Amino acid sequence: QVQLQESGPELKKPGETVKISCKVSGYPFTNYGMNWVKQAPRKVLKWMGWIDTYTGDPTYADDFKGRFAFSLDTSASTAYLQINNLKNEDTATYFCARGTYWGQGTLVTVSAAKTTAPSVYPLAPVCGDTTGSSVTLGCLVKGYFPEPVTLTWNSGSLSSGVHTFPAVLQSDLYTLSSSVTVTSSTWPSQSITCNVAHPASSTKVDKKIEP
Amino acid sequence: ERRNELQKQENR
Amino acid sequence: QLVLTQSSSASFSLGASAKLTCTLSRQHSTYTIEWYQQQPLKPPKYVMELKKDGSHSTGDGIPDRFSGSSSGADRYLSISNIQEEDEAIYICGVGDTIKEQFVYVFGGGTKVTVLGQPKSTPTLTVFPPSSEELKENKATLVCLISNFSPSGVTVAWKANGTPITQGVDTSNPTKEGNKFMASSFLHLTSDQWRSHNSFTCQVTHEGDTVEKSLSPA
């Protein structure tokens, strides 16, 4: 039942300021202090300090003085972390932790680069093809930024052949692919399409797979 | 009653 | 200085017993530490509290195969009959109070690999550029590699039987369940796709080579 729910991902430019929340449920908020932890891409966990959830008295680690601030909304059982004058090095996942319970994390990306909606292309088999028993179809998700993309195929559903291949960052942007395997008499018989969701650009692309 | 859960009395 | 020392990595066969070490500095050697487990797409999880006398107490959702023990400044996480789900980075943590001033520290962590996973040959799926992408006068060829173990692969592209390195971007092998998957893309212009009689994606795994081709016909 105990849950610490954090706010969603954030894309900020350097010099900007970010405010992350941590909604506590399942125990009395003022009973325990809240720790803040940084996990930079290196993945090494780093204690940033903690805050008394009654007084609001913060304690910062040596590496987190000046630019970091912990605050509360006791009435709302919410703890906040604010990072001022952002830097590229602040790109990390931020956790609120009671100690024995942890939040899901909040990814903070510090980049001067603009949010780009992905280009979505359908992947269907070649000229001389007789897939025999089962046919494989895919969706190419190219040139997006940052990396929070999420794909759903709903023409067959679940893990029918849905494989989500992780992103690779070429040049400026990210690229991903996701495939689906269905029976050779279900395509091009029964219609197949895919749904791509990039939350950072608030968009959703849909492509019908045709031979 | 309230404190940091991570705070252990033996670690002073 | 309040310092914790761990190994960078360790491997164990399925069903064996893993002993991981977290070492307290010269001073602080009587201190109680915490163990955390971190799996790839998940936040850290509290494993246990481990006192100087070996006394331990586990967190919620922690199976019975997890136990602790101590020597002097050494704190050990013992995982009995290690399962493949126990593959994670195990991090230890320690707190200290000075004059009413609390400070917490994490160790560098130990990456734990569980072996005995069945060896499997890669499956190659190659897709040609869509008519839509070709309208933008661009062409991305997709190579999807899946169902393989262990992770070690070599992805190679060929056009007219001649190797192509220009416009090739290959992902690292990523774990997906009990196996691995990886992808590779070949970005050519349109007509660069149409002026070549076939394209091939070769994957080498355990010395064996698997390949697939596309035909612009």
# chains A, B, ... in the order shown; residues from 1 in each chain; ligands from 1
>>> closest_atom_pairs(of="chain C", to="chain B", cutoff="9 Å", atoms="only C-alpha atoms", output="CSV")
residue,atom,partner,partner_atom,distance
C:28,CA,B:11,CA,7.5
C:30,CA,B:11,CA,7.9
C:31,CA,B:11,CA,5.3
C:32,CA,B:11,CA,6.7
C:33,CA,B:8,CA,9.0
C:34,CA,B:6,CA,8.4
C:51,CA,B:10,CA,8.9
C:94,CA,B:6,CA,8.1
C:95,CA,B:7,CA,6.1
C:96,CA,B:11,CA,5.2
C:97,CA,B:12,CA,4.9
C:98,CA,B:12,CA,6.3
C:99,CA,B:12,CA,8.8
C:102,CA,B:7,CA,7.1
C:103,CA,B:7,CA,8.6
C:104,CA,B:6,CA,7.7
>>> write_last_selection(atoms="C-alpha atoms", output="PDB file, in the first residue's frame")
ATOM      1  CA  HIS C  28      33.033   3.086  11.300  1.00  0.00           C
ATOM      2  CA  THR C  30      30.999  -1.364  13.770  1.00  0.00           C
ATOM      3  CA  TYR C  31      28.373   0.524  11.657  1.00  0.00           C
ATOM      4  CA  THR C  32      25.056  -0.871  10.361  1.00  0.00           C
ATOM      5  CA  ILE C  33      24.630  -0.767   6.578  1.00  0.00           C
ATOM      6  CA  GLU C  34      21.643  -1.154   4.178  1.00  0.00           C
ATOM      7  CA  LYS C  51      24.414  -4.915  11.850  1.00  0.00           C
ATOM      8  CA  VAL C  94      25.644   3.767   5.338  1.00  0.00           C
ATOM      9  CA  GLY C  95      24.564   6.705   7.514  1.00  0.00           C
ATOM     10  CA  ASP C  96      26.556   8.742  10.060  1.00  0.00           C
ATOM     11  CA  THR C  97      25.640  11.383  12.698  1.00  0.00           C
ATOM     12  CA  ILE C  98      28.199  13.918  13.974  1.00  0.00           C
ATOM     13  CA  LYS C  99      26.746  16.712  16.209  1.00  0.00           C
ATOM     14  CA  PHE C 102      22.912  13.243   9.450  1.00  0.00           C
ATOM     15  CA  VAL C 103      24.854  12.188   6.341  1.00  0.00           C
ATOM     16  CA  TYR C 104      24.212   9.179   4.134  1.00  0.00           C
TER      17      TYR C 104
END
>>> interface_residues(of="chain A", to="chain C", cutoff="9 Å", atoms="only C-alpha atoms", output="ChimeraX atom specification")
/A:44-50,59-61,95,99-105,121-128,136-138,140,163-170,176-177,179
>>> closest_atom_pairs(of="chain A", to="chain B", cutoff="12 Å", atoms="only C-alpha atoms", output="tab-separated table")
residue	atom	partner	partner_atom	distance
A:28	CA	B:2	CA	10.1
A:29	CA	B:2	CA	9.7
A:30	CA	B:2	CA	6.9
A:31	CA	B:2	CA	4.5
A:32	CA	B:2	CA	5.4
A:33	CA	B:4	CA	4.7
A:34	CA	B:4	CA	7.0
A:35	CA	B:4	CA	7.8
A:36	CA	B:4	CA	11.6
A:47	CA	B:6	CA	11.3
A:49	CA	B:4	CA	10.5
A:50	CA	B:4	CA	7.8
A:51	CA	B:4	CA	8.5
A:52	CA	B:3	CA	7.2
A:53	CA	B:2	CA	8.5
A:54	CA	B:2	CA	8.4
A:55	CA	B:2	CA	10.5
A:57	CA	B:3	CA	11.5
A:58	CA	B:4	CA	11.5
A:59	CA	B:4	CA	11.1
A:97	CA	B:5	CA	9.6
A:98	CA	B:5	CA	6.5
A:99	CA	B:6	CA	5.8
A:100	CA	B:5	CA	7.6
A:101	CA	B:5	CA	9.9
>>> select_by_dssp(residues="segment 69-132 of chain C", states="helix (DSSP H, G or I)", output="list in words")
residues 84, 85, 86, 131 and 132 of chain C
>>> residues_around(residues="residue 211 of chain C", least_positions_apart="2", cutoff="8 Å", atoms="only C-alpha atoms", output="MDAnalysis selection string")
chainID C and resid 124 200:203 209 213
>>> select_by_dssp(residues="segment 42-125 of chain A", states="strand (DSSP E or B)", output="compact mmCIF listing (two decimals) with N, CA, C and O atoms, in the first residue's frame")
# COMPACT_ATOMS: atom_id res chain seq x y z
N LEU A 45 24.19 5.63 -7.51
CA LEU A 45 23.28 6.35 -6.61
C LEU A 45 24.08 7.34 -5.78
O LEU A 45 25.13 6.98 -5.25
N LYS A 46 23.59 8.58 -5.67
CA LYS A 46 24.23 9.66 -4.92
C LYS A 46 23.23 10.37 -3.99
O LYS A 46 22.27 10.96 -4.45
N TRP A 47 23.45 10.29 -2.68
CA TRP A 47 22.60 10.95 -1.69
C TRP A 47 22.75 12.48 -1.81
O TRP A 47 23.87 12.99 -1.73
N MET A 48 21.64 13.20 -2.01
CA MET A 48 21.65 14.65 -2.17
C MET A 48 21.36 15.38 -0.88
O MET A 48 21.59 16.60 -0.79
N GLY A 49 20.81 14.65 0.08
CA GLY A 49 20.42 15.20 1.38
C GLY A 49 19.01 14.77 1.73
O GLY A 49 18.45 13.87 1.10
N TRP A 50 18.44 15.39 2.78
CA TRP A 50 17.09 15.06 3.25
C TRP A 50 16.41 16.28 3.86
O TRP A 50 17.05 17.32 4.04
N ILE A 51 15.10 16.16 4.13
CA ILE A 51 14.27 17.21 4.71
C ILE A 51 13.32 16.66 5.77
O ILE A 51 12.66 15.64 5.53
N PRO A 58 15.93 21.44 5.82
CA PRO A 58 16.67 20.60 4.89
C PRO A 58 18.12 20.42 5.34
O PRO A 58 18.65 21.22 6.12
N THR A 59 18.75 19.36 4.85
CA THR A 59 20.16 19.04 5.06
C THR A 59 20.63 18.63 3.67
O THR A 59 20.05 17.72 3.09
N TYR A 60 21.62 19.35 3.11
CA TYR A 60 22.16 19.07 1.76
C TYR A 60 23.51 18.37 1.85
O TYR A 60 24.29 18.66 2.75
N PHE A 68 20.44 23.58 -5.06
CA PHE A 68 19.40 22.61 -4.72
C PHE A 68 18.58 23.05 -3.51
O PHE A 68 19.13 23.59 -2.57
N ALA A 69 17.26 22.87 -3.57
CA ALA A 69 16.32 23.26 -2.52
C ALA A 69 15.20 22.23 -2.29
O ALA A 69 14.51 21.82 -3.23
N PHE A 70 15.02 21.81 -1.04
CA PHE A 70 13.95 20.87 -0.72
C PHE A 70 12.81 21.62 -0.03
O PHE A 70 13.07 22.40 0.89
N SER A 71 11.57 21.39 -0.46
CA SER A 71 10.42 22.02 0.19
C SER A 71 9.26 21.05 0.38
O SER A 71 9.29 19.93 -0.13
N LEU A 72 8.24 21.48 1.13
CA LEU A 72 7.08 20.66 1.45
C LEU A 72 5.79 21.36 1.15
O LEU A 72 5.77 22.57 0.94
N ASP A 73 4.71 20.56 1.18
CA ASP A 73 3.27 20.84 1.16
C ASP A 73 2.70 19.71 2.03
O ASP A 73 2.21 18.69 1.51
N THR A 78 3.23 16.03 0.09
CA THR A 78 4.08 16.22 -1.07
C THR A 78 5.40 16.90 -0.70
O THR A 78 5.43 17.91 0.01
N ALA A 79 6.50 16.32 -1.18
CA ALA A 79 7.84 16.83 -1.03
C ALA A 79 8.28 17.28 -2.42
O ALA A 79 7.94 16.67 -3.42
N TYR A 80 9.03 18.38 -2.46
CA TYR A 80 9.51 18.98 -3.70
C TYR A 80 11.02 19.06 -3.73
O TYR A 80 11.66 19.18 -2.68
N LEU A 81 11.60 18.99 -4.93
CA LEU A 81 13.02 19.21 -5.18
C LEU A 81 13.14 20.23 -6.30
O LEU A 81 12.60 20.03 -7.40
N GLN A 82 13.83 21.33 -6.02
CA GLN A 82 14.01 22.34 -7.02
C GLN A 82 15.48 22.52 -7.30
O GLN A 82 16.25 22.73 -6.37
N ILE A 83 15.86 22.42 -8.56
CA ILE A 83 17.22 22.64 -9.04
C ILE A 83 17.21 23.94 -9.85
O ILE A 83 16.44 24.08 -10.81
N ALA A 92 19.98 13.51 -15.06
CA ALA A 92 19.94 12.33 -14.20
C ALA A 92 18.51 11.98 -13.87
O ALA A 92 17.61 12.76 -14.17
N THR A 93 18.29 10.79 -13.26
CA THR A 93 17.00 10.39 -12.71
C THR A 93 17.05 10.80 -11.23
O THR A 93 18.04 10.52 -10.56
N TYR A 94 16.02 11.49 -10.74
CA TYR A 94 15.97 11.93 -9.34
C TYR A 94 14.94 11.13 -8.53
O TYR A 94 13.80 10.97 -8.97
N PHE A 95 15.36 10.60 -7.37
CA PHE A 95 14.47 9.84 -6.49
C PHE A 95 14.22 10.52 -5.20
O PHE A 95 15.13 11.12 -4.62
N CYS A 96 13.01 10.36 -4.70
CA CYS A 96 12.67 10.68 -3.34
C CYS A 96 12.65 9.30 -2.65
O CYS A 96 12.18 8.30 -3.23
N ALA A 97 13.22 9.20 -1.47
CA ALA A 97 13.24 7.93 -0.77
C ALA A 97 13.01 8.13 0.74
O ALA A 97 13.63 8.99 1.36
N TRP A 102 10.87 3.89 -2.00
CA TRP A 102 11.42 4.78 -3.01
C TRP A 102 10.39 5.15 -4.04
O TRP A 102 9.52 4.32 -4.36
N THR A 106 12.31 10.45 -11.55
CA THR A 106 11.90 11.54 -12.43
C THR A 106 13.09 11.84 -13.30
O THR A 106 14.13 12.28 -12.80
N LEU A 107 12.96 11.59 -14.61
CA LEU A 107 14.09 11.89 -15.48
C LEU A 107 14.12 13.35 -15.86
O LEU A 107 13.14 13.89 -16.38
N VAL A 108 15.25 14.00 -15.54
CA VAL A 108 15.51 15.39 -15.86
C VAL A 108 16.60 15.41 -16.91
O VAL A 108 17.69 14.90 -16.67
N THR A 109 16.27 15.96 -18.09
CA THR A 109 17.16 16.07 -19.24
C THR A 109 17.48 17.53 -19.46
O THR A 109 16.56 18.33 -19.69
N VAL A 110 18.77 17.89 -19.36
CA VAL A 110 19.20 19.27 -19.56
C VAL A 110 19.83 19.37 -20.95
O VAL A 110 20.92 18.83 -21.20
N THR A 116 11.57 17.26 -30.57
CA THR A 116 11.18 16.89 -31.93
C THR A 116 10.22 15.68 -31.91
O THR A 116 10.51 14.67 -31.27
N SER A 119 9.20 10.80 -36.75
CA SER A 119 8.71 10.41 -38.06
C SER A 119 8.47 8.90 -37.95
O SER A 119 9.36 8.18 -37.47
N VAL A 120 7.26 8.42 -38.32
CA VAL A 120 6.90 6.99 -38.21
C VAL A 120 6.66 6.36 -39.58
O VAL A 120 5.80 6.81 -40.33
N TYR A 121 7.44 5.33 -39.92
CA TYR A 121 7.33 4.64 -41.21
C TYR A 121 6.92 3.16 -41.05
O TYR A 121 7.39 2.49 -40.11
N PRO A 122 6.07 2.63 -41.96
CA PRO A 122 5.67 1.21 -41.85
C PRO A 122 6.72 0.27 -42.42
O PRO A 122 7.35 0.58 -43.44
N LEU A 123 6.91 -0.88 -41.77
CA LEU A 123 7.85 -1.91 -42.20
C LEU A 123 7.08 -3.17 -42.60
O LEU A 123 6.49 -3.84 -41.75
>>> residues_around(residues="residue 139 of chain C", least_positions_apart="4", cutoff="8 Å", atoms="only C-alpha atoms", output="list in words")
residues 129, 130, 133, 134, 186, 187, 188, 189, 190 and 193 of chain C
>>> write_last_selection(atoms="N, CA, C and O atoms", output="compact mmCIF listing (two decimals), in the first residue's frame")
# COMPACT_ATOMS: atom_id res chain seq x y z
N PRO C 129 13.20 0.05 -47.23
CA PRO C 129 12.60 1.37 -46.98
C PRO C 129 11.18 1.44 -47.53
O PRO C 129 10.92 0.93 -48.63
N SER C 130 10.25 2.05 -46.76
CA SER C 130 8.85 2.21 -47.16
C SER C 130 8.74 3.23 -48.28
O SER C 130 9.63 4.07 -48.42
N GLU C 133 8.92 6.92 -46.91
CA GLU C 133 10.28 7.38 -46.65
C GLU C 133 11.00 7.72 -47.96
O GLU C 133 11.77 8.67 -48.00
N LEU C 134 10.73 6.94 -49.03
CA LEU C 134 11.32 7.14 -50.35
C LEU C 134 10.79 8.39 -51.05
O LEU C 134 11.45 8.89 -51.97
N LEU C 186 20.50 1.02 -41.78
CA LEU C 186 21.36 1.44 -42.88
C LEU C 186 20.65 2.59 -43.61
O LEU C 186 19.69 2.36 -44.35
N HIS C 187 21.11 3.81 -43.35
CA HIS C 187 20.53 5.00 -43.97
C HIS C 187 21.26 5.39 -45.24
O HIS C 187 22.40 5.85 -45.24
N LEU C 188 20.58 5.18 -46.36
CA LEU C 188 21.07 5.52 -47.69
C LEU C 188 20.10 6.58 -48.23
O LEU C 188 19.03 6.77 -47.64
N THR C 189 20.42 7.23 -49.35
CA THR C 189 19.46 8.14 -49.97
C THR C 189 18.55 7.25 -50.82
O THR C 189 18.84 6.06 -50.98
N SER C 190 17.44 7.79 -51.37
CA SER C 190 16.60 7.01 -52.29
C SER C 190 17.44 6.91 -53.57
O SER C 190 18.40 7.70 -53.73
N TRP C 193 19.41 3.17 -52.94
CA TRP C 193 18.71 1.94 -52.64
C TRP C 193 18.34 1.25 -53.98
O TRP C 193 18.59 0.06 -54.16
>>> atom_distance(atom1="atom CA of residue 85 of chain C", atom2="atom CA of residue 149 of chain A")
26.0 Å
>>> atom_distance(atom1="atom CA of residue 204 of chain A", atom2="atom CA of residue 171 of chain A")
23.6 Å
